[PDB]
Every structure is written in structure tokens, then in C-alpha cells.
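Contents: one structure, followed by commentary.
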Amino acid sequence: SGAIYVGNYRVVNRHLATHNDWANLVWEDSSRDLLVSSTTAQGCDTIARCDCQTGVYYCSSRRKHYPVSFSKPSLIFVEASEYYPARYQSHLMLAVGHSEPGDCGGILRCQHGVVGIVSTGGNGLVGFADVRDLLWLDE
Ligand SMILES: Cn1cnc2c(NC(=O)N3CCC[C@H](C(N)=O)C3)cccc21
Ligand SMILES: [Zn+2]
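Oh and the sequence shown: position 28 is 34 in the deposited numbering, straight run, nothing missing.
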């Protein structure tokens, strides 16, 4: 679990969005596993606007932060799950690191701010949904 809170927006994994997220929907994209909903309170986070390929992510299944080298946002095949059919997930970045299904929503940060959130994993890999191209989150 986990979310990014920036301005009057809450960014979550689309497959973990609640009834309240859908009732206050701003934007969602099944191909990216992202959903953004509106909030009444001002958020605590700031978004990176950079091309960093190194950062640190929070892994809830280890209660620890780990440093990672991650690939550029790209179209990657993701096997079928209870949440989606077999498809290409876009804007996904992979890295070597530990992740379990419940780790989705953990934040990946670089020195400039929030880069993305955990969205996929398995096999000693961890995949992050990028949010750096969503410029409208800042206004
Ligand atoms: C070990 N392991 C297996 N599975 C994992 C997982 N879940 C995972 O990849 N998917 C299920 C939830 C939706 C994800 C999507 N974006 O399509 C795909 C996350 C993290 C570690 C995982
Ligand atoms: Zn950066």
C-alpha cells in the first residue's frame, strides 16, 4: 500500500484505488496502473522533474529503504494477475531489488523528489510506475 500526496491530488496504484478514490476521480490509466483522485487537504510531497536513473525506494515487506539503479520509463510485458489481463504496461521502470505484491505503493525518490511508486515485482525484480511526466500534478 501507499500513495503520493501532492497539492490537491492523491496518486495511487489503479489496482488498489478505493471507492472514495473513484468517487473523486481526476485521471486514471489502466496501461500505467495509475489513478489520481482529488483531496481537500494540501499534500506533503513534491515531484521530481529530472532524468535520474538511481534513487531509493521504500520496501514495506522488509520495513526498509533500498538504493536502486532503474531503467528509463518504457513499455514492458506484465503477466496476467487477478487485477489485469496479460498486457504491456507503459511508463514502467525496472530495477533489481526485493518486492512482494503488498509492496505496491512504496515511493521511489531521487535527490529531486518523488519519481514513482512500486507497481510490479517478482524474481528479484521491482517495477515502478513513473510519475515525472505528469506535469499537471504541480498545478
Ligand atoms: C513477487 N511478486 C509477484 N507478483 C508481484 C507483484 N505484483 C504484480 O507484479 N502484479 C499484481 C498487481 C498488479 C501489477 C501490475 N502493475 O500489473 C502486477 C508486485 C511485487 C512483487 C511481486
Ligand atoms: Zn532526480
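Note that CB positions come from ideal geometry on N, CA and C, so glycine has one too.
query                                                                                                                                                                : result
Could you pull out every residue in the same chain whose Cβ sits closer than 8 angstroms to the Cβ of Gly103, ignoring the five residues on either side in sequence? : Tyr63, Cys65, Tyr72, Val74, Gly130, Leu131, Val132
Considering just the uninterrupted stretch of the alpha helix (DSSP H) at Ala29, what are its terminal residues?                                                     : 25-29
Looking only at its own chain, which residues have a Cβ that is under 7 angstroms from the Cβ of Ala9, when we skip the five neighbours before and after it?         : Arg16, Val17, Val18, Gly111
I'd like to know if the segment 109-124 and the segment 47-54 are in contact, where contact means that at least 3 CB-CB pairs between them fall below 8 angstroms.   : yes
According to the neighbour-count rule (16 or more other Cβ atoms, all chains shown, within 10 Å of its Cβ), is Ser87 buried or exposed?                              : exposed
Alpha carbon to alpha carbon, how far is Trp142 from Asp109? Give it in angstroms, no decimals.                                                                      : 26 angstroms
For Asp39, which of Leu114, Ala101, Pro107, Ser96 has the nearest alpha-carbon?                                                                                      : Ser96
In its own chain, which residues sit with a C-beta less than 8 angstroms from the C-beta of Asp27, not counting the 5 before and 5 after it?                         : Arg16, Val18, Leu41, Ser43
Please tell me whether, using a cut-off of 8 angstroms, the distance from the CB of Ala23 to the nearest non-hydrogen atom of ligand 1 is below it.                  : no
Are the CB atoms of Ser7 and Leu31 nearer to each other than 9 angstroms?                                                                                            : no
Which same chain residues end up closer than 8 angstroms to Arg20 when comparing Cβ atoms and leaving out the 5 residues on each side of it in sequence?             : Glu34, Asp35, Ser36, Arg38, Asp39, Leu40, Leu41
Which of helix, strand or coil does DSSP assign to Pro107?                                                                                                           : helix
Taking the alpha carbon of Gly61 as the point to measure from, which residue in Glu145, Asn14, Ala101 has its own alpha carbon closest?                              : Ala101
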